[PDB]
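A single chain, nothing else alongside it, follows as structure tokens in the form deposited in one PDB entry.
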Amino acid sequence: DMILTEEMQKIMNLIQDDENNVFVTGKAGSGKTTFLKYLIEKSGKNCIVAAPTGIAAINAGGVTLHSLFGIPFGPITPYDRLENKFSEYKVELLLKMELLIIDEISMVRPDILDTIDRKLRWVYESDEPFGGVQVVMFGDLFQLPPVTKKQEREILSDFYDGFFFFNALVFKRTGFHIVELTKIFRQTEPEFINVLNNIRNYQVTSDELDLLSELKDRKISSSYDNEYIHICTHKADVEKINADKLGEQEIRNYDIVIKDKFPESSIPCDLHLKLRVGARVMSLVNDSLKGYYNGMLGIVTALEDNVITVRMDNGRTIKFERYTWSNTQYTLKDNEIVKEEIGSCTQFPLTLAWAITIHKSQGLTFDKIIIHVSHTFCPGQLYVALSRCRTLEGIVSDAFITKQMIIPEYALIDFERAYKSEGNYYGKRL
């Protein structure tokens, strides 16, 4: 069923040359996850998939960067000394890795990449960056990174020109090609995409500005019974909203089931799923054959012991059973990198969805959203909240969206401008 686009093939063309590192970027719904899987199968290489957080690793079927490379937590300057206490099997695993795939690369502080480059050089006893391991990075540039602690910020400041992954010092020694996936498979909305590009590039016209002014509506934005999902900055506001609407009447509780070794921070579901008939909910996984995807909304119609029946917004009724997330780790089998399960957790793939945070809805899109203007805006945070919808028309705002709420991220605009001018390549050329 998959389409192989020209941009996808162009990435495959680049990684044939084992010396090419590649940054694959694109908005939500542009096929990043789907193409990552195809990339693994067609690469012809022993791949390891890693991500900066536990939930992202679980979702992409890989491991966290910190566990894979024994990275200590906290900022790391070039001259902090690394213990390098790799077990023998980890060393042999890393020595067979020909292709490192890092998902959600925009969440990766640049010192983590340099620490990875340093550990691999130690393991390969090599001066080549990343010990010569080819690196392919997936993520959306313009999704804001985790706010770097004040401590972290000024330690790394003495060594780093900025706090994005591409500020890693290793990129003064190697570089990477960039390919953007621009086909949004779910829908094709040129005007909305154009507004979004103009907001993030700080090139908004006065038309777009009032196009943005219209999105306000105090009636809809204060209602919680309308298939609009409330998108809020703060987790506390979202907890209150989903608790208020859930209420205390006729609530059933379903407990997560853990088997063996599962990191607490990697758990991708509710620990205690509290629901009730009529509760607004969101699907957390994709199962194409039962016809639900990560992000789909619905209303709870029936509650049983092993089955929650939900009427999705598209008119369908689905019988949700418990889903099992597998905690995997990589290993060798006749010098070939394979996976092995070391634990799992099991739970219905549903969560309360009258509201959701910006953070929890990263990489997701909805038909209808309500933006709770969160005054004291930051850089990019308006673009991020509008990016959670599929059209301009499904967006309703708390208050009026004003020009001063558009806070650009000039480091990202300069990065794009720089690579698009130098042949879709950043860093040192070999």
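Here the rigid core means the biggest group of C-alpha atoms that line up within 1.5 Å when the two forms are laid on top of each other. Sequential numbering from 1, following the sequence displayed.
> Select between 272-280 and 143-151 the stretch whose C-alpha atoms have the higher average B-factor in the entry.
It is 143-151 that shows the higher mean C-alpha B-factor.
> When the C-alpha temperature factors are averaged for each of 182-190 and 309-317, which stretch ends up with the higher value in the entry?
If you average the C-alpha B-factors of 182-190 and of 309-317, the larger mean comes out for 309-317.
> Highest CA temperature factor in the entry: which of 104, 287, 114, 98?
Among 104, 287, 114, 98, the highest C-alpha B-factor in the entry belongs to 287.
> Whose C-alpha has the highest temperature factor in the PDB entry: 346, 174, 221, 294?
Reading the PDB entry, the winner on C-alpha B-factor is 221.
> Using the B-factors in the PDB entry, rank residue 38's C-alpha atom against the chain and give the third, lowest, middle or highest.
Within its chain, residue 38 is a middle-third residue by C-alpha B-factor, going by the deposited values.
> Thinking about Cα B factors across the chain, which third does residue 375 belong to?
Highest third - that is where residue 375 ends up once the chain's C-alpha B-factors are sorted.
> Select lowest, middle or highest to describe the third in which the CA B-factor of residue 386 falls within its chain in this entry.
According to the entry, residue 386 has a C-alpha B-factor in the chain's lowest third.
> Comparing residue 50 with the other modelled residues of its chain, is its CA B-factor in the lowest, middle or highest third?
For residue 50, the deposited C-alpha B-factor lands in the lowest third.
> Rank-wise, by C-alpha B-factor, drop residue 3 into the lowest, middle or highest third of its chain.
CA B-factor rank for residue 3: lowest third.
The discussion below concerns the form deposited in another entry, not included here.
> Fix the rigid core, compare C-alpha positions between the shown form and the other one, and report which of 316, 322, 252, 216 shifts by 2 Å or more.
Residue with a C-alpha shift of 2 Å or more: 216.
> Using a rigid core alignment, state whether the CA of residue 402 is displaced by 2 Å or more between the shown form and the other one.
Residue 402 C-alpha, core-superposed: shift of 2 Å or more.
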